[PDB]
Structure formats: C-alpha cells, structure tokens
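Each answer follows from the model by the rule given with it, or from the source it names; these are not laboratory values. Note: ideal-geometry Cβ built from the backbone for every residue, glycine included; neighbour counts use all protein chains shown.
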Amino acid sequence: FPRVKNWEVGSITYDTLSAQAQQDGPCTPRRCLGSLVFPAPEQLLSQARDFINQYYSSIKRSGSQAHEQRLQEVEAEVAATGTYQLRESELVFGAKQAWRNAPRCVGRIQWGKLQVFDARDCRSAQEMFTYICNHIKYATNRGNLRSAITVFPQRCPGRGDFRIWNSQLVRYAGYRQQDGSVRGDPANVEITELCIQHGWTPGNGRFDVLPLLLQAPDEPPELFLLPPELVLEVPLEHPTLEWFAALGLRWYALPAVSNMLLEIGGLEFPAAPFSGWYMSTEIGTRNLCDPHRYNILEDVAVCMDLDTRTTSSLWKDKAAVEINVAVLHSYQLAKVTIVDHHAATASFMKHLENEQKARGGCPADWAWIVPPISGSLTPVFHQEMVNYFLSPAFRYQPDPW
Amino acid sequence: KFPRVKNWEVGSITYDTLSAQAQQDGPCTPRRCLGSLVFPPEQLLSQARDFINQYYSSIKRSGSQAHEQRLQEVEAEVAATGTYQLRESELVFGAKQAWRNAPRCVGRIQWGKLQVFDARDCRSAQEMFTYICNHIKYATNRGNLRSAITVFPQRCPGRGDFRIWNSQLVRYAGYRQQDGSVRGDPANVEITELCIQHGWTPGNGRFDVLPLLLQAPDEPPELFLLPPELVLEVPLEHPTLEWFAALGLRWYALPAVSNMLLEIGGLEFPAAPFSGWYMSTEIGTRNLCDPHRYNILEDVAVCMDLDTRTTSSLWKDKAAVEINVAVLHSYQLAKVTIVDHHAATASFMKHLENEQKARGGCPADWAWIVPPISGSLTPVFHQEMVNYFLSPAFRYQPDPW
Ligand code: HEM
Ligand code: HEM
Ligand SMILES: Cc1cc(N)nc(CCCN2CCC(F)(F)CC2)c1
Ligand SMILES: Cc1cc(N)nc(CCCN2CCC(F)(F)CC2)c1
Ligand SMILES: C[C@H](O)[C@H](O)[C@H]1CNc2nc(N)[nH]c(=O)c2N1
Ligand SMILES: C[C@H](O)[C@H](O)[C@H]1CNc2nc(N)[nH]c(=O)c2N1
Ligand SMILES: [Cl-]
Ligand SMILES: [Cl-]
Ligand SMILES: [Gd]
Ligand SMILES: [Gd]
Ligand SMILES: [Gd]
Ligand SMILES: [Zn+2]
C-alpha cells in the first residue's frame, strides 16, 4: 500500500483504497504519463455485481436477503435481455459515487449534496431539451447555485445514444476570422461551425451564447436555442481598477459539463450533464488568460501600466492576480456563488481527511487539484496524492462527430 | 508503445521514443500513479558497457578502435579488482549526462556548460574542505555564478564512504525554543542540532550560516566553519516598498546540492556536490513563504496593509508576488545571477525541442518543472511530459545517520 506524506504538517497515511482500483491507467514502472490530459455478458455481470455490493454496503444491508435477491435479479435480467435496469435509489447513489470517485475534481467535499434528475424515460431530443432547461433553471437558482445532474437513458442494444454535442450547456461561440484569428472563445471553434452548419444564424460578438445540438437515438442532432433568461451571466469589473469594466468582459454563472459518460455498474449513460459552481481560477486564470483562450493577459498588464518588456518585472503574475480579483468581486457583487482557490483547496484537504477515515484513501490527480496560480500557497501542493480509477465514474468519450 | 505527447497551447504532437530505454523502473503501475510522491556482484559490468557505449556514440566514435580498447580495460579492471576507474573525460561526460537526465531540473538548457572538478584523489575531511572551498569560490565568482560539480572518490566495498552531512553547502540554522517553534530555517533543525551536538557554538539569529559536517570513510565527521568572505549573501529589499529592507531578510547566492549520489556507469559517488544558480521562485516562494519554511507570507501582507480577513481578497497571492519581485530586484542589484520562472520555463521549452531532435525525447517531471506560482502563465504548464529514469543519474540517498 502506497505511503503518502503531507509535507506541510509532516503527517503520513497509506492509501489502501488504491488496491481496489479496477480499470487501468496509463503509467508503467518504465514511465509515468500522469501529466497527459487524455491517456460480453460476463464482464457486465461482474461490474454490476460490484456496484450492487457497493450499494448494499452504503445502506448497511451487506449480505442481506434484499442483497442476494438483487444480484439474482440482475443476472436473470442480463441473461434474458443482455442488460439490466437500475433502481432509482441505485441511480442516485451511483451518480454521487461517480462524483466522489472523480480524481480531477477539487470540489468533492460537496459530493453527498447532489440533486439527481432521472430523465431515463426521455423520448426525444425535444423532451431532452425541456429536461435540460429545467436542469439549468434549478441549478442556477437566481445565483445561489445548486449541484445537480440529469441522467438520460442508458446505452442499450438495438438503438443509438442520446448525446449532447456541446461540451458544456453554456458556451460562447468562437468565430474563425478574416485574418485567420478567432473572435470569441477559441476552445469552441469546432462546435460553433457545427451549429452554423446545422442552421444556426451566427452572431459576431465575443460572448455569444451557443445553441444546443441534441441527439436522440438514430437521429441527426437537432438545434435548440437556450432561452436568454435561463442563462445567468456576470459582467466583469474590478473593485479598484475602473477601466476594467471597459474591457466588456463577461462569464456565465453555471459550469455544466455535458460531454462526459457516466458509468454505473457496467451501464453507460453517454448523456448525463452535471453542474456545480465555479472556482474563480477556472475563469480568471484559465479561460481568460490561457494564450489559446481569451488571452487578455498582456492587454490587462498594459492598462495597469506594468513594464511588459522584461519578465523579471513579474507583469504576468501581477496582471493575473488582478483578473482573479475582478472575477471574485464581480461574482460576489452579482450574488452568484463562486469559490476562490484558497477556500476550495482548504475544503479539499478536509475531504481527503474524511475519505481516509471512510474509505482508506482517495483518488486524486495532483496536477489537476493544484490551482494554476499560487500553487504552493495552497495546502494541496504539499500533499502527496495517489491517482487511480474507481467505478462508478465519469469517463471521457469521443465527440459524436 | 511510443507515448504520444501534446502541447495544448500550440496543438503540436511529438513522440517520446527515448522513453523506450528507461532503466531504474519508477513507482507507477497501471493500477495507480505515484507521480506526485517526493521520495517514491558482477552486475556492475552491465552498467559499465552501456555507459562506455553512450560515451563513444556522443563523440561519433562508436564501433571504432578506441571504443573496443576501452571496453576490454573495464572488463580487465573489474575482473582483477571488482570495480573500475573512470577516464577523466568520461567522468566529465557522465556528470553532464546525469544533469541532462534529471527530470526534475528546469534549468537543463545549461546542461552542456558544466565545470567538473575531479576530487577522486582525496583523503580526510580537511582535503574535502579545501576542495569544497575551491568549488564555492569558483562557482560564486563574485556573483557571476558558474555551474560546477566536485566529484569526491567513488564507493568501494568494505570501506566507508565520503559524505557531506549537510543537504546544501550553504544552509541557515534552525533553533528550537522554550516551546518547540523554530527561530531560523525549520528545514535544517536536524542538522543544526547535529552541528551544535558536534561542538559548534550556535548563534541567536534567524539567518546564521551553519558549519559544514564533512565525513571521511570510517571516521567520525568534523565541523568546519565556512570562511565568511566566501559565503556570498544578498540582503533583500523591494524596489518601491521601502519597509521591506527592515524585515531583515537575506538569502545566499549559491544553490549547491551536497546530499545526492552521483551514479555513472555502475559507479557510485555519494559525495559529488553540484551547484548552479537560483530560479527566483525557489527563494521567494518556497524558502520564504512555505508554511513549514520561513513562513513570512502574512507578515509581508500586514506591512502591505492587505485584508487578511478573507482569502478571497487574494492577499496571499499579492504578497507572494511582491516577495518574488524583491528577490529578483535584490539579486540584480547585488549583481548575482538569478533567473525568473518565466525566463526559466521558456528556456526549458527550448530545451525540450532541442532534446526532441537530439535524442527523441526528454524525461521531465511535470509537477517539478511547473513553477510554484503562476503555473499556467508559463508554457511548461500546457506541455504534456513523460517521466522516466535514464542513466547516468543523480539519485537520492539515506542520511548518513
Ligand atoms: C460544487 C462545486 C464544484 C467545484 C467547485 C468543482 C471544481 C472542479 C474543478 C476546478 C475542476 C477542474 C476543471 C478544469 O480545470 O477543467 C473540476 C473537474 C471535474 N469535476 Fe468538479 N466541481 C464542482 C462540482 C462538480 C459536480 C457537481 C460534479 C459531478 C457530479 C463534478 C465532477 C467533476 C469532474 C468529472 C471533473 C473532471 C473534468 C475533466 O476531467 O475534464 N464537479 N471540478
Ligand atoms: C544552472 C542553473 C540551474 C537552475 C536554474 C536549476 C533549477 C532547478 C530547480 C528550480 C530545481 C527544483 C528543485 C527544488 O524545487 O527543490 C532543480 C532540481 C534539480 N537540479 Fe537543477 N538548476 C540548475 C543547475 C543544476 C546543475 C548544475 C545540476 C547538476 C550538475 C542540477 C541538477 C538538478 C537535480 C539533480 C535536481 C533534482 C533536485 C531534487 O530532486 O531535490 N541543476 N533545478
Ligand atoms: C462541474 C464543474 C464544476 C467546475 N467548477 N468546473 C468544471 C469544469 C470542467 C471542465 N472540463 C474540461 C475538460 C472536458 F471538457 F473534457 C470536461 C470538463 C465542471
Ligand atoms: C543545483 C540546483 C539549482 C537550483 N536552482 N536549485 C536547486 C535546489 C535543489 C534543492 N533540493 C532540495 C531537496 C534535497 F535536499 F533533497 C536536494 C536539494 C539546486
Ligand atoms: C498538460 C497538462 O497536464 C495540462 O495543461 C493540465 C495540467 N493541469 C490541469 N489542471 C486543471 N484543473 N485543469 C486543466 O485543464 C489542467 N491542464
Ligand atoms: C507533494 C508534492 O509532490 C510536493 O510538494 C512537490 C510538488 N512539486 C515540487 N516541485 C519542485 N520544484 N520542488 C518541490 O519541492 C516540489 N514539491
Ligand atoms: Cl469552464
Ligand atoms: Cl534552496
Ligand atoms: Gd482606481
Ligand atoms: Gd483596447
Ligand atoms: Gd503604515
Ligand atoms: Zn504516473
């Protein structure tokens, strides 16, 4: 069992949970690939058997009558149909475990507080849209954000998948330009071209909210415009730099990942969007300052009168700190939930302590947990971590096009 | 079987073919990644053949007379004596290769410019001290720092080893109190207690340079006071915060690592101190701001009148940036070589590109190359990396007690 040290306090623990890691990751004793972003009834049964045992452990009925009955039931359903169906409470527990098991999420202190919307009876792309609008409405909640997931029908033999082609429910268009550049968010060029190709009349702003491309089984995707009043946004201003409002910057309130696959007990839900609330560095450091995103860093530094001709002036660091200040201030002013990287990493440390007690460890991807500014100023920098895959899980999947 | 490696800022793809050589298998398995953990008889001929083969390929002289001749002599020496001695140029070439192979070193663009002092004919702690003293004054060079390594005698069976008991040649004292807490550097409270225990009269200050504990084989160590005119230090002041000088902070000029074991061609040199120059985050972010180091962060924030009452004022980030500015400014005004983390990481990206052509890859430890502040503002953050062990190498080793 791996020995794990916290270097700020000196404390030492052993990750016994890691020995139960089912699926394999990309590293070998030859080489570590930790920094890479993207590294049969019999196997369905054993996956399902393990999830069911997990579920009956959580409700304190391990080995009970109801426990054996459900195993027997699942094997009989897989025999007669090649698949099986989750009970509603198994689905709720499975969605919470998937979040709990997500190594790259620093927000997991919250994992038990998750609203699960059961959309498995969903019948079309049009009904899919209504479920999604209600998800956004519930989760936004006028700025007091609530964590939620909506679960659409599972992958099953004989029919195609429900898919949300958008990587998030709320995304800004990215328009390739006259002179080869991008207007808007360069991360979203591909889906933007798909929306236009599928009938959308583009705008030409930098913060144009994209429509949804929704795929019902064995159907082309269908375009759905989001109602403007369902998309809460936050104009960005700085508490002391008044010229900052003149940049015209904005971000949206709700982070809602919609392109990941939810796997529970061998069943696969390729459409199961989920949302929480932002950590300020995602917006201020990554989305605004990444050279391949909005890339505003030098424009802000010039405005601040910083000496941008030498790196040793630390102009990049100084400009990025004020951009993050502006994000926090703007979301607090608008009364939209947001967490700063110090509060979030501090709460993640409590999660590791709760999880060491509860499960004997906790899967964590160090490079993703440590924030992209001020890393060693946060307690997670000084914490060794063990990264591995547990199921139930959120998995990546290829884009449907 | 050749890891695909992407850079996310540009979109470029490379393949690390060099990874196919990895010797000392690392800590990761397909089941769990341990990339974030700090510290995770005639086999000698195998590593000797391989190193000699390395040497001759690097001089474009493989498979030609001088190559075969050197192969037989190492055979004859190990057959007769059970070990072998390295030719001068081989020792020079191996020291540079060990630097070049260090996955945690961001400064390897400099790997080809290294001064090797051959101290293999040494005997006793008095000879070490004059060797170490020659290194220090050469490397310091009145602040125009020059990378250097001094190679003390190799290890042989039956007889003890040369060891420098200090982790660095310049370290500051750490003294406990009437209450456990430490005045000075808490990273060195152990070796401070050993220095006091071995006859040294401790100071009171927060920046007292410790004496050296040098150990010749099979003999107890001996304390050595370092010549004060040879320990070049830099008082810390800020360009515009006139009170920063009053905090009385200093750091020394020469980062000289004296606890790592140099290993070339199966031979092991437990005393081989190497040095270069500091990246400024090492001093200003880790040494001065780490909670378990000098921990000065809040004291600077109080002086800057920052609001330490809520983490979302980003007061830690602001004070950290200004501490780093003061380090760069102070070293520049003292005319002592230093490199900021933007300049350093940009040169490392160049080093990666050089090494892709020269060797088809580069072992790099992402969590150690990315700087501890402003990580995603530097290019290395957006570069996927592959970590693995090549030989020759610098390796960690147990404390000599
Ligand atoms: C409640 C507030 C939450 C916070 C503050 C938070 C925080 C974060 C952050 C900072 C990341 C890294 C994202 C990136 O750099 O792209 C992340 C990733 C992730 N989060 Fe959370 N999260 C929250 C809610 C949730 C919820 C409700 C779920 C699922 C039910 C979830 C599941 C995940 C997953 C699967 C990832 C991995 C994304 C990827 O690998 O690309 N999170 N989270
Ligand atoms: C000349 C300029 C140099 C710069 C800017 C530089 C920079 C760095 C930095 C920032 C680290 C991280 C260490 C830490 O965070 O504690 C490091 C590690 C390391 N460097 Fe370099 N270094 C330089 C010279 C050298 C030289 C001359 C050697 C050997 C001949 C070397 C070998 C190593 C090794 C073995 C490590 C790993 C240290 C450890 O694991 O604690 N470096 N370097
Ligand atoms: C729920 C949630 C909360 C939060 N605060 N932040 C996020 C950002 C996730 C971004 N992540 C990028 C890669 C991907 F697209 F593949 C999957 C999503 C999500
Ligand atoms: C050569 C060099 C250059 C540089 N710029 N910085 C360093 C810092 C290395 C610090 N490292 C700490 C852990 C250890 F003690 F084990 C070994 C030394 C070294
Ligand atoms: C290549 C590198 O792994 C990549 O840039 C990662 C690093 N860590 C990250 N961490 C988070 N939270 N989000 C990210 O997108 C990334 N990107
Ligand atoms: C636990 C974690 O691996 C540890 O704090 C590491 C992270 N990255 C680092 N990177 C460098 N350069 N130096 C360090 O000491 C560390 N510490
Ligand atoms: Cl985002
Ligand atoms: Cl140091
Ligand atoms: Gd102002
Ligand atoms: Gd402008
Ligand atoms: Gd004052
Ligand atoms: Zn690994």
B:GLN154 vs (1) closer than 30 Å to B:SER19 by Cβ; (2) among the polar types (S, T, N, Q); (3) within 16 Å of the chain's Cα centre (by Cα): all pass except (3)
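Looking at this structure, is A:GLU233 closer than 30 Å to A:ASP161 by Cα and of a type in the set (D, E, K, R)?
no
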Is it the case that some residue within region B:313-331 is assigned to a loop (DSSP other than H, G, I, E, B) and surrounded by fewer than 18 Cβ atoms within 10 Å (Cβ to Cβ)?
no
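So which residues in region B:131-153 are buried (at least 23 other Cβ atoms within 10 Å of the Cβ) and in a loop (DSSP other than H, G, I, E, B), if there are any at all? Lay out the reasoning, then the answer.
Here is the first cut: in region B:131-153, the residues buried (at least 23 other Cβ atoms within 10 Å of the Cβ) are B:132, B:135-136, B:139-140, B:148-152.
The answer is B:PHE152, and nothing else.
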Per the list (1) out of contact with any helix residue (DSSP H, G or I) (no Cβ under 8 Å at 6 or more places or on another chain); (2) assigned by CATH to the domain that holds B:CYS362, residue check on B:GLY107 breaks on (1)
Being more than 7 Å from every other protein chain (Cβ to nearest Cβ) and more than 23 Å from A:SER167 (Cβ to Cβ) is the filter here, so list the residues in region A:371-380 that pass it.
A:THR378, A:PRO379, A:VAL380
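Looking only at region B:351-365, which residues are within 11 Å of chain A (Cβ to nearest Cβ) and either under 21 Å from B:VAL325 (Cβ atoms) or buried (at least 24 other Cβ atoms within 10 Å of the Cβ) (or both)?
B:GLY361, B:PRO363, B:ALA364
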Quick check on region A:89-127: of everything there that is over 23 Å from the mean Cα position of the chain (by Cα) and of a type in the set (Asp, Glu), which residue is surrounded by the fewest Cβ atoms within 10 Å (Cβ to Cβ)?
A:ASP121
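Kindly indicate the residue of region A:253-295 that is assigned to a helix (DSSP H, G or I) and aliphatic (A, V, I, L, M) and also nearest to ligand 3 (Cβ to nearest atom) among those meeting that condition. It would help to see each step written out before you state the result.
Here is the first cut: in region A:253-295, the residues assigned to a helix (DSSP H, G or I) are A:280-289.
When the remaining residues are screened for being aliphatic (A, V, I, L, M), the result is A:283, A:288.
Values: A:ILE283: 9, A:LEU288: 14 Å.
So, considering only residues that are assigned to a helix (DSSP H, G or I) and aliphatic (A, V, I, L, M), the one nearest to ligand 3 (Cβ to nearest atom) is A:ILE283.
Please work out if B:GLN54 is closer than 30 Å to B:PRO398 by Cβ, touching a helix residue (DSSP H, G or I) at 6+ places or on another chain (Cβ under 9 Å), in a loop (DSSP other than H, G, I, E, B) and more than 16 Å from ligand 12 (Cβ to nearest atom). Step through it out loud before you land on a result.
On the way: closer than 30 Å to B:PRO398 by Cβ: yes; touching a helix residue (DSSP H, G or I) at 6+ places or on another chain (Cβ under 9 Å): yes; in a loop (DSSP other than H, G, I, E, B): no; more than 16 Å from ligand 12 (Cβ to nearest atom): yes.
Answer is no for this residue.
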Six or more apart or on different chains, Cβ under 6 Å: which pairs go from a residue in region A:218-242 that's within 14 Å of chain B (Cβ to nearest Cβ) to one that's more than 16 Å from ligand 2 (Cβ to nearest atom)? Could you list them?
A:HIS238/A:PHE244; A:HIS238/A:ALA326; A:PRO239/A:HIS329
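Mind listing just one residue for me: the one in region B:277-318 that is among the small types (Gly, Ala, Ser) and out of contact with any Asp or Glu (no Cβ under 6 Å at 6 or more places or on another chain) and, of those, farthest from ligand 6 (Cβ to nearest atom)?
First, pick out the residues of region B:277-318 that are among the small types (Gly, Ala, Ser): B:280, B:284, B:301, B:312-313.
Cutting the leftovers down to out of contact with any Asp or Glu (no Cβ under 6 Å at 6 or more places or on another chain) gives us B:284, B:301.
Details: B:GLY284: 14, B:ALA301: 22 Å.
So, considering only residues that are among the small types (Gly, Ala, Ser) and out of contact with any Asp or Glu (no Cβ under 6 Å at 6 or more places or on another chain), the one farthest from ligand 6 (Cβ to nearest atom) is B:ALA301.
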Does B:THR337 meet the test of being within 14 Å of chain A (Cβ to nearest Cβ) and either within 14 Å of ligand 4 (Cβ to nearest atom) or in contact with a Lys or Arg (Cβ under 6 Å, 6 or more places away or on another chain) (or both)?
yes
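Does A:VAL9 meet the test of being within 12 Å of chain B (Cβ to nearest Cβ), under 22 Å from A:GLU353 (Cα atoms) and either of a type outside the set (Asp, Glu) or in contact with a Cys (Cβ under 7 Å, 6 or more places away or on another chain) (or both)? So that I can check it myself, show each step before the final result.
Values: within 12 Å of chain B (Cβ to nearest Cβ): yes; under 22 Å from A:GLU353 (Cα atoms): yes; either of a type outside the set (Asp, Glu) or in contact with a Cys (Cβ under 7 Å, 6 or more places away or on another chain) (or both): yes.
When the stated conditions are applied, A:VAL9 passes them.
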For the structure I just gave you, tell me whether A:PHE348 is more than 8 Å from every other protein chain (Cβ to nearest Cβ) and either in contact with a helix residue (DSSP H, G or I) (Cβ under 8 Å, 6 or more places away or on another chain) or not in a helix (DSSP H, G or I) (or both).
yes
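Given the residues A:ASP290, A:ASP299, which is the only one that is away from chain B (no Cβ under 14 Å) and closer than 20 Å to A:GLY205 by Cα?
On the way: A:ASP290 fails: away from chain B (no Cβ under 14 Å).
Only one candidate passes the filter, namely A:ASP299.
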Here are some residues: B:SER36, B:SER19. Which one is within 14 Å of another protein chain (Cβ to nearest Cβ), among the hydroxyl-bearing types (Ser, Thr, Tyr), out of contact with any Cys (no Cβ under 8 Å at 6 or more places or on another chain) and within 30 Å of A:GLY361 (Cα to Cα)?
B:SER36
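Within region A:135-144, can one find any residue that is touching a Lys or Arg at 6+ places or on another chain (Cβ under 9 Å), aliphatic (A, V, I, L, M) and assigned by CATH to the domain that holds A:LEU212?
Yes, because at least one residue in region A:135-144 is touching a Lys or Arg at 6+ places or on another chain (Cβ under 9 Å), aliphatic (A, V, I, L, M) and assigned by CATH to the domain that holds A:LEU212.
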In region A:270-284, what count of residues is obtained for those that are within 10 Å of ligand 1 (Cβ to nearest atom) and within 10 Å of another protein chain (Cβ to nearest Cβ)?
2
Condition test on A:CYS27, is it over 29 Å from A:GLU90 (Cα atoms), touching a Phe, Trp or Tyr at 6+ places or on another chain (Cβ under 9 Å) and within 12 Å of another protein chain (Cβ to nearest Cβ)?
no
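Could you tell me whether region A:209-227 includes any residue that is farther than 22 Å from A:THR130 by Cα and in a loop (DSSP other than H, G, I, E, B)?
At the first step, the residues of region A:209-227 found to be farther than 22 Å from A:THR130 by Cα are none.
Checking region A:209-227: not a single residue is farther than 22 Å from A:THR130 by Cα and in a loop (DSSP other than H, G, I, E, B).
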Checking B:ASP317 against (1) within 11 Å of chain A (Cβ to nearest Cβ); (2) away from ligand 2 (no atom under 16 Å from the Cβ); (3) within 30 Å of A:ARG31 (Cα to Cα), which test does it fail?
(3)
Determine, yes or no, whether B:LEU390 is assigned to a loop (DSSP other than H, G, I, E, B), more than 9 Å from chain A (Cβ to nearest Cβ) and buried (at least 16 other Cβ atoms within 10 Å of the Cβ).
yes
